[PDB]
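K.L.:
Got a sequence here, can you build the structure:
(one chain, ligands or ions: 1)
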Amino acid sequence: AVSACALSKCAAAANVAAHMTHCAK
Ligand SMILES: [Zn+2]
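P.N.:
Residues are numbered from 1 along each chain as shown. Here you go, the structure:
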């Protein structure tokens, strides 16, 4: 979840899916 993203800010419009697509650690 972009809200709990481990790395810097993801997506350019709260696109969590775009984030989790590559963020899961
Ligand atoms: Zn992320």
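K.L.:
Would you list the phi and psi of the residue nearest the centre of the chain?
P.N.:
Note on the chain: the residue nearest the mean C-alpha position is residue 19, at 2.8 Å, using C-alpha atoms, centre = their mean. Dihedral angles of residue 19 (phi, psi; degrees, to the nearest 10) stand at phi -80, psi -60.
K.L.:
Run through the residues of this protein sitting next to the ion.
P.N.:
5, 10, 19, 23 (C-beta under 5 Å from the ion). For every residue, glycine as well, the C-beta is placed using N, CA and C.
K.L.:
Can you show me the helices along this protein?
P.N.:
Remark: helices assigned in the chain by DSSP state H are 16-20.
K.L.:
Of the residues of the chain next to the ion, select the buried ones using a PyMOL command.
P.N.:
Here is the PyMOL command that selects the buried residues among the residues of the chain next to the ion (16 or more other C-beta atoms under 10 Å):
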select buried, resi 10+19+23
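K.L.:
so residue 14 sits right up against residue 2, yeah?
P.N.:
Yes: using C-beta atoms under 8 Å, residue 14 is in contact with residue 2, at 6.5 Å.
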